[PDB]
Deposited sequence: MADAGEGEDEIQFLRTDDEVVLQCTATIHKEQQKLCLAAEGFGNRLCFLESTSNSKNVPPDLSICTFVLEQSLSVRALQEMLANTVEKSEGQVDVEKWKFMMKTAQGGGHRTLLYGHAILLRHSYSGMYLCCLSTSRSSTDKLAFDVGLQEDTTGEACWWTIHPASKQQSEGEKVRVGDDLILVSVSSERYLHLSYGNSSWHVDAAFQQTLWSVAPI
């Protein structure tokens, strides 16, 4: 099975500290605060806020074409993608707010611009079809930062950083 577009997926990652390993899912809520967060699993507690739709999928050339002009397809490594949040209808984006050399990651409704675009990359070839069960690296088209699993005081967080994180994107 290979990942396609217009799908409903869950972005998961593996967090290990003090030898305790767990699966975390990316999530958010439309109300008030905009930032995303992570839920522990085992299936996460809340799954409605945990689902994303692969609305679009373009080449970087194509994406930049449309932008410059204004001045169920499959996914391929290197392509930029757009992830809408089922609940809020807003879009997974990379913000310009920090937390300190890392940006915040949240929802926003404005789908124009590069901030809401994430290029997908392989764990270890560009142009190849993305197979379900593959691990993905996501890079922000706007900032060129990575969707990153971060650790704070007591909790795990997500941000756009200079270091990478592997994401188990899968449907359900």
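Unmodelled regions of the deposited sequence, numbered from residue 1: 1-11, 54-57, 87-109, 138-141, 167-169.
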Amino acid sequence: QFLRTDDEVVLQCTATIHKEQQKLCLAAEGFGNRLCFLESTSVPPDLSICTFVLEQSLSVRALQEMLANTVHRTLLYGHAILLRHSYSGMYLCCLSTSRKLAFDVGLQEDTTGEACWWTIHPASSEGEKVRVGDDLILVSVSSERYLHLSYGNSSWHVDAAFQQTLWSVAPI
From here on, numbers count along this sequence of modelled residues.
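Higher mean CA temperature factor between 142-150 and 59-67: 59-67, per the PDB entry. Checked against the record, the higher mean CA B factor of 105-113 and 132-140 lies with 105-113. Per-chain ranking of the deposited C-alpha B factor places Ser40 in the lowest third. Ranked by Cα temperature factor within the chain, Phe52 sits in the middle third according to the deposited record. In the PDB entry, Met90 places in the middle third of its chain by CA B-factor. Among all modelled residues in this chain, the alpha-carbon of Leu166 has a temperature factor (C-alpha) in the lowest third. Among the modelled residues of its chain, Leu83 has a C-alpha B-factor that falls in the middle third according to the deposited record.
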